[PDB]
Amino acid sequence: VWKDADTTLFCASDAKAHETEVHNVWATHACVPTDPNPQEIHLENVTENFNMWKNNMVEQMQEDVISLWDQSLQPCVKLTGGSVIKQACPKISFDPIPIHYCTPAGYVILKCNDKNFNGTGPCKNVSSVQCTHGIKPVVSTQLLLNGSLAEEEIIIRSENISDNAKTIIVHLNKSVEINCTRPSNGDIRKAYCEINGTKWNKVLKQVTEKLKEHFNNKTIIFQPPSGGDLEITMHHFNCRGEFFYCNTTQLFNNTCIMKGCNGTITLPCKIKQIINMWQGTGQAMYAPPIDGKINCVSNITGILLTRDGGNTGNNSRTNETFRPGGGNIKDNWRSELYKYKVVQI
């Protein structure tokens, strides 16, 4: 017997203590070593209720990653309202490592193993573990990178699918590689992200087909973001410590559902020195990019969508429109922590 509860969790990792890479440095003093042999116990005839949208684990990871960033990143200048902080901005080594979140004595973590579990509701195949799987704290918008993949079918997650204010996490059951590069020696800020168009459009098709299931059967349509800061309107992320912003217009081409649609899709990307800080209020300025080839090959494992609002014409419209979203980084963590909840014994 147990009950739902929230407790201070601790992180564990396989960080290397001698590394200067900032995630390793952080995790070295902020986490313990991974359990060399973690146990997982399956609960024969148990059925438990999860709610990935109300999971304090997400709050803790957010606290941790914010903390990792605030002490790892070194902007030449931080601006926050009426505060201007100048400082040294040496380039850093930057590459996210897997963090596991673990419960203290007296508490256990329940894990849902239902293949098509969407994040909330009853779960039949439950088990208990001492830690989550290893989760890379990747901060990105529009696309979820280097995450884990859905087990069987593509899964749609929302706190409320019919609530247009709710972000929609799409969980892929097959990853699509995205290969971003700022070539060596054009403007040093100019980069591009290449994506196999064939694989991508097959997936993006299967996605629309899954969204169809949640909206009677209205034709699904994608569009570029209707607005917002660049971190939102572009696919935003950090690579080797540089802030990329890739234009994803070409990624959500409805026509590709015939000629030319296959083949490699190149996305125009920009490396920015002046960015908006996701951690909260303010701008940061970094030095210009390092020299040489700058390259990040990532796995697309999820997409963050926003659905277009408006039900006024009781009958109204025959199609639904979705736009790449994100910007609330807690959603990145929910993307991975969805199958876990803390219970007290």
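A residue's number is simply how far along the shown sequence it sits, counting from 1.
field: Interval residue 87-residue 88, deposited residues with no coordinates in the entry (none, 1 to 3, 4 to 9, 10 or more)
entry: The entry has no gap there; residue 87 and residue 88 are joined directly.
query: According to the entry, are there none, 1 to 3, 4 to 9, or 10 or more residues of the deposited sequence without coordinates between residue 257 and residue 258?
result: Per the record, 4 to 9 deposited residues are absent between residue 257 and residue 258.
task: Higher average CA B factor in the deposited record is what I'm after, so tell me if that's 47-55 or 306-314.
output: Here the higher of the two C-alpha B-factor means belongs to 306-314.
message: Using only C-alpha atoms and the B-factors in the entry, which stretch averages higher, 333-341 or 317-325?
response: According to the entry, 317-325 carries the higher average C-alpha B-factor.
field: Out of 107, 252, 101, 244, residue topping the C-alpha B-factor column of the entry
entry: If I rank 107, 252, 101, 244 by C-alpha B-factor, first place goes to 252.
- prompt: Per the entry, which of 182, 91, 210, 236 tops the list for Cα B factor?
  reply: Within the set 182, 91, 210, 236, 210 shows the top C-alpha B-factor.
query: According to the PDB entry, is the CA B factor of residue 136 in the bottom, middle or top third of its chain, that is, lowest, middle or highest?
result: Tercile = lowest for this residue's CA B-factor.
Residue 299 by Cα B-factor - lowest, middle or highest third of the modelled chain: For residue 299, the deposited C-alpha B-factor lands in the middle third.
Third of the chain's Cα B-factor distribution that residue 17 belongs to, per the entry: Highest third, going by the recorded CA B-factors of the chain.
message: Could you place residue 283 in the lowest, middle or highest third of its chain by Cα temperature factor, using the values in the record?
response: Middle third of the chain for residue 283's C-alpha B-factor.
message: Test of reading the entry: by CA B factor among the chain's modelled residues, which third contains residue 193?
response: Answer is middle: the recorded C-alpha B-factor places it there.
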